[PDB]
Amino acid sequence: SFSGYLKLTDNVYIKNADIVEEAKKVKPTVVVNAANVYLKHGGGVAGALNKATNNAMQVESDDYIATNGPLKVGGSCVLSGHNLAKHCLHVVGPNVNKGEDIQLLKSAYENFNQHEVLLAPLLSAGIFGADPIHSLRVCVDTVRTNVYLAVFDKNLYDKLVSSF
Ligand SMILES: CNC(=O)c1cc2c(N[C@H](c3ccc4c(c3)OCCO4)C(C)C)ncnc2[nH]1
């Protein structure tokens with residue numbers, strides 16, 4: 001039920017959209033969160049996704065962390081998608097603004113391959129400091145499953161498409 005996506009490759013599609021609004025209309029099987037190792041959903045996609053669940057995502061995330069400890073950079077966990085999706089795949093991409101190794105971005109994208117279809121943001125772009133053009137490149141070169149990328153910024157969306 002994804003509509004208005006531009007085809008980039010056989011399995012990668014892209015749209016200028018807010019991933020929260022896209023998730024509510026579609027209610028996909030998997031929505032990807034741009035998470036940190038602590039699952040503290042304060043800003044960016046994480047804060048926007050959590051706010052849409054009335055904080056139910058954060059309460060569930062704190063219980064997960066209390067039992068399992070923090071995730072690894074490049075790692076992921078599957079939790080409830082609440083009112084946005086069946087599941088939320090919380091993926092930790094490297095935060096370049098915190099000195100984390102950009103090489104871990106491919107490892108972060110590999111988590112996508114465990115799911116047939118996903119609605120996702122561009123990993124490590126935004127407040128994480130990675131180059132969004134590099135992030136799209138790693139995505140197309142790593143994900144083999146069907147991924148629908150939601151890019152919030154119109155001017156970034158245009159730049160991404162015109163340079164692909
Ligand atoms: C109220 N809604 C929002 O604040 C919102 C932001 C947002 C988003 N932003 C992108 C991004 C990529 C990757 C991230 C990220 C942000 O946040 C931290 C780390 O990972 C780029 C284009 C800025 N993409 C899709 N839906 C989004 N919704």
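For reference, positions follow the sequence shown, starting with 1. Whatever order the structure lists them in is the order used to number ligands and atoms, beginning at 1.
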*Asks:* What is the minimum heavy-atom distance between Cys139 and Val147, and which atoms define it?
*Replies:* SG-CG1, 4.2 Å
*Asks:* Which ligand 1 atoms does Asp18 reach within 4.0 Å, using its non-hydrogen atoms?
*Replies:*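 Reading through ligand 1 atom by atom, the close ones are 1 (C), 2 (N), 5 (C), 26 (N), 27 (C), 28 (N).
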*Asks:* Aromatic rings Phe2 and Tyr148: how do their planes relate, parallel, tilted or perpendicular, breaks at 30° and 60°?
*Replies:*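 Answer is parallel, since the angle falls under 30°.
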*Asks:* So if I count the atoms of ligand 1 from 1 in the order they appear, which ones are less than 4.0 Å from some heavy atom of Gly44?
*Replies:*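 Once the distances to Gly44 are compared, the set is 17 (O).
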*Asks:* Please write down residue, atom name and distance for the protein heavy atom closest to atom 23 (C) of ligand 1.
*Replies:* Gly126 CA, 4.2 Å
*Asks:* With heavy-atom distances below 4.0 Å as the criterion, list the atoms of ligand 1 near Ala34.
*Replies:*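 Reading through ligand 1 atom by atom, the close ones are 14 (C), 19 (C), 20 (O).
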*Asks:* Answer with yes or no whether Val20 contacts ligand 1, where contact means a heavy atom under 4.0 Å from a ligand atom.
*Replies:* no
*Asks:* Check ligand 1 against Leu156 and write out every atom of the ligand that is under 4.0 Å from a heavy-atom position of the residue.
*Replies:*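 Per the distance check, 22 (C).
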*Asks:* In ligand 1, which numbered atoms sit nearer than 4.0 Å to a non-hydrogen atom of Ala48?
*Replies:*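 Result: 1 (C), 2 (N), 3 (C), 4 (O).
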*Asks:* Could you tell me if the side chain of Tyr64 sits less than 4.5 Å from the side chain of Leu39, heavy atoms only?
*Replies:*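 Result yes, sub-4.5 Å side-chain heavy-atom pair found.
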*Asks:* Do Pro121 and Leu149 make a side-chain contact, defined as non-hydrogen atoms from C-beta onward lying under 4.5 Å apart?
*Replies:* no
*Asks:* Quick one: do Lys86 and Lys27 satisfy side chain to side chain contact (heavy atoms under 4.5 Å, CB included)? Show the steps, please.
*Replies:* CA-CA 7 Å; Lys86 170 64 163 302; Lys27 290 170 192 173; over 6 Å; no
*Asks:* Measure from atom 12 (C) of ligand 1 to the protein's non-hydrogen atoms and state whether any distance is below 4.0 Å.
*Replies:*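 Within 4.0 Å of atom 12 (C) of ligand 1, protein heavy atoms are found.
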*Asks:* Do the non-hydrogen side-chain atoms of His134 and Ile102 ever get within less than 4.5 Å of each other?
*Replies:*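 SC-SC contact between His134 and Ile102 confirmed.
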*Asks:* So do the side chains of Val45 and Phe128 get within less than 4.5 Å of each other, counting heavy atoms only?
*Replies:*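 Sidechains of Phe128 and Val45: no contact.
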*Asks:* Of the listed options (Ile19, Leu123, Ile127), which comes nearest to atom 18 (C) of ligand 1 when hydrogens are ignored and any heavy atom counts?
*Replies:* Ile127
*Asks:* Is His90 close to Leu79 at the side-chain level, that is, under 4.5 Å between some pair of heavy atoms?
*Replies:* yes
*Asks:* Under 4.0 Å from any heavy atom of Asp153, which atoms of ligand 1 are there?
*Replies:* 22 (C)
*Asks:* Under 4.0 Å, heavy atoms only, figure out whether ligand 1 is touched by the backbone of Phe152, its side chain, both or neither.
*Replies:*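 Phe152 to ligand 1: contacts from backbone and side chain alike.
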*Asks:* Taking the minimum heavy-atom distance to atom 14 (C) of ligand 1, which of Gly43, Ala125, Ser124 ranks first?
*Replies:* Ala125
*Asks:* Determine, step by step, whether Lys40 and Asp62 satisfy the salt bridge (charged side-chain N to carboxylate O under 4.0 Å, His left out) criterion, reporting the C-alpha distance in whole Å, the side-chain angles of both residues, the deciding distance to 0.1 Å, and the verdict.
*Replies:* CA-CA 8 Å; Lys40 285 296 180 203; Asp62 292 352; 2.8 Å; yes
*Asks:* Mark up the atoms of ligand 1 that fall under 4.0 Å of a heavy atom belonging to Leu122, in ascending order.
*Replies:*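 Close to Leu122: 12 (C), 13 (C), 14 (C).
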*Asks:* Considering the heavy atoms of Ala150, write down every atom of ligand 1 situated less than 4.0 Å from one of them.
*Replies:* 24 (N), 25 (C)
